[PDB]
Amino acid sequence: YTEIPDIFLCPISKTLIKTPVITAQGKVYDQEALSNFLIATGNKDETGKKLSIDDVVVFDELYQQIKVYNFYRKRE
Ligand SMILES: [Cl-]
């Protein structure tokens with residue numbers, strides 16, 4: 001599997017997450033992808049529900065796991 005682990009996938013950018021943010025609903029996106037996407041739809045997420053970039057936090061644990069993935073990845 002050269003493929004990116006699914007938990008590190010952003011539903012919007014559809015690749016690797018650079019910085020995980022998590023919604024109150026518990027959904028995980030890449031920060032910059034979500035920000036920009038939410039501007040395009042006008043605070044609606046990819047299933048058309050209301051969402052603001054102000055109501056997300058960085059997902060610290062997962063950010064950390066991503067850094068480790070990145071170590072193993074960029075090794076090859
Ligand atoms: Cl996790």
# chains A, B, ... in the order shown; residues from 1 in each chain; ligands from 1
>>> residues_around(residues="region 46-58 of chain A", least_positions_apart="4", cutoff="7 Å", atoms="only C-alpha atoms", output="VMD selection string")
chain A and resid 20 to 24 35
>>> residues_near_ligand(ligand="ligand 1", cutoff="10 Å", atoms="only C-alpha atoms and all ligand atoms", output="ChimeraX atom specification")
/A:7-8,28,59-66
>>> write_last_selection(atoms="C-alpha atoms", output="short mmCIF file (atom, residue, chain, number, x, y, z; two decimals), in the first residue's frame")
data_model
loop_
_atom_site.label_atom_id
_atom_site.label_comp_id
_atom_site.auth_asym_id
_atom_site.auth_seq_id
_atom_site.Cartn_x
_atom_site.Cartn_y
_atom_site.Cartn_z
CA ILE A 7 -7.85 8.59 8.34
CA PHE A 8 -5.30 11.09 6.97
CA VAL A 28 -12.03 15.82 10.19
CA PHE A 59 -6.89 18.07 16.05
CA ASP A 60 -3.57 17.86 17.93
CA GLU A 61 -3.28 14.09 18.39
CA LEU A 62 -4.02 13.47 14.70
CA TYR A 63 -1.70 16.27 13.58
CA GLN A 64 0.95 14.40 15.49
CA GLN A 65 0.11 11.09 13.84
CA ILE A 66 0.33 12.74 10.48
#
>>> select_by_dssp(residues="chain A", states="strand (DSSP E or B)", output="list in words")
residues 9, 16, 20, 21, 22, 28, 29, 30, 44, 50, 57 and 58 of chain A
>>> write_last_selection(atoms="N, CA and C atoms", output="CSV table (one decimal), in the first residue's frame")
chain,number,residue,atom,x,y,z
A,9,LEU,N,-7.0,11.3,5.2
A,9,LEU,CA,-7.6,11.9,4.0
A,9,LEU,C,-8.6,13.0,4.3
A,16,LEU,N,-3.8,14.0,1.2
A,16,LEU,CA,-3.2,14.1,2.5
A,16,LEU,C,-3.6,15.4,3.2
A,20,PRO,N,-4.8,18.9,10.5
A,20,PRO,CA,-6.2,18.4,10.7
A,20,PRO,C,-7.0,19.4,11.6
A,21,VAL,N,-8.2,19.7,11.2
A,21,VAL,CA,-9.2,20.4,12.0
A,21,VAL,C,-10.3,19.4,12.2
A,22,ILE,N,-11.0,19.5,13.4
A,22,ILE,CA,-12.1,18.7,13.7
A,22,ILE,C,-13.3,19.5,14.0
A,28,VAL,N,-13.4,15.3,10.3
A,28,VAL,CA,-12.0,15.8,10.2
A,28,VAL,C,-11.7,16.3,8.8
A,29,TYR,N,-11.3,17.5,8.6
A,29,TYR,CA,-10.8,18.1,7.3
A,29,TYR,C,-9.4,18.6,7.4
A,30,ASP,N,-8.8,18.9,6.3
A,30,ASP,CA,-7.6,19.8,6.3
A,30,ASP,C,-8.0,21.2,6.4
A,44,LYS,N,-21.3,26.2,3.8
A,44,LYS,CA,-22.0,24.9,3.7
A,44,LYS,C,-20.9,23.9,3.5
A,50,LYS,N,-24.8,23.5,7.3
A,50,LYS,CA,-24.2,24.7,7.7
A,50,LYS,C,-22.8,24.4,8.4
A,57,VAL,N,-11.5,23.3,15.7
A,57,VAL,CA,-10.2,23.4,16.4
A,57,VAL,C,-9.2,22.5,15.7
A,58,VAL,N,-7.9,22.7,15.8
A,58,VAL,CA,-6.9,21.8,15.4
A,58,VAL,C,-7.0,20.5,16.1
>>> residues_around(residues="residue 33 (chain A)", least_positions_apart="5", cutoff="10 Å", atoms="only C-alpha atoms", output="PyMOL selection string")
chain A and resi 10-14+17-19+38
>>> write_last_selection(atoms="N, CA and C atoms", output="CSV table (one decimal), in the first residue's frame")
chain,number,residue,atom,x,y,z
A,10,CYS,N,-8.4,14.1,3.7
A,10,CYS,CA,-9.4,15.2,3.7
A,10,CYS,C,-10.6,14.9,2.7
A,11,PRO,N,-11.8,14.9,3.2
A,11,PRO,CA,-13.0,14.7,2.4
A,11,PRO,C,-13.1,15.7,1.2
A,12,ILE,N,-12.4,16.8,1.3
A,12,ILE,CA,-12.5,17.9,0.3
A,12,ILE,C,-11.4,17.9,-0.6
A,13,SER,N,-10.1,18.0,-0.1
A,13,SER,CA,-8.9,18.1,-1.0
A,13,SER,C,-8.7,16.7,-1.6
A,14,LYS,N,-9.3,15.7,-0.9
A,14,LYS,CA,-9.2,14.3,-1.4
A,14,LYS,C,-7.8,13.8,-1.5
A,17,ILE,N,-3.9,15.3,4.5
A,17,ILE,CA,-4.1,16.5,5.3
A,17,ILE,C,-2.8,17.1,5.7
A,18,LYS,N,-2.7,18.5,5.6
A,18,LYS,CA,-1.5,19.2,6.1
A,18,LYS,C,-1.7,19.6,7.5
A,19,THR,N,-2.9,19.9,7.9
A,19,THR,CA,-3.3,20.3,9.3
A,19,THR,C,-4.7,19.9,9.6
A,38,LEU,N,-15.3,26.3,2.2
A,38,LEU,CA,-16.4,27.0,2.9
A,38,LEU,C,-16.7,28.4,2.3
>>> select_by_dssp(residues="chain A", states="helix (DSSP H, G or I)", output="PyMOL selection string")
chain A and resi 6-8+31-41+53-55+60-73
>>> atom_distance(atom1="CA of residue 37 (chain A)", atom2="CA of residue 5 (chain A)")
22.3 Å
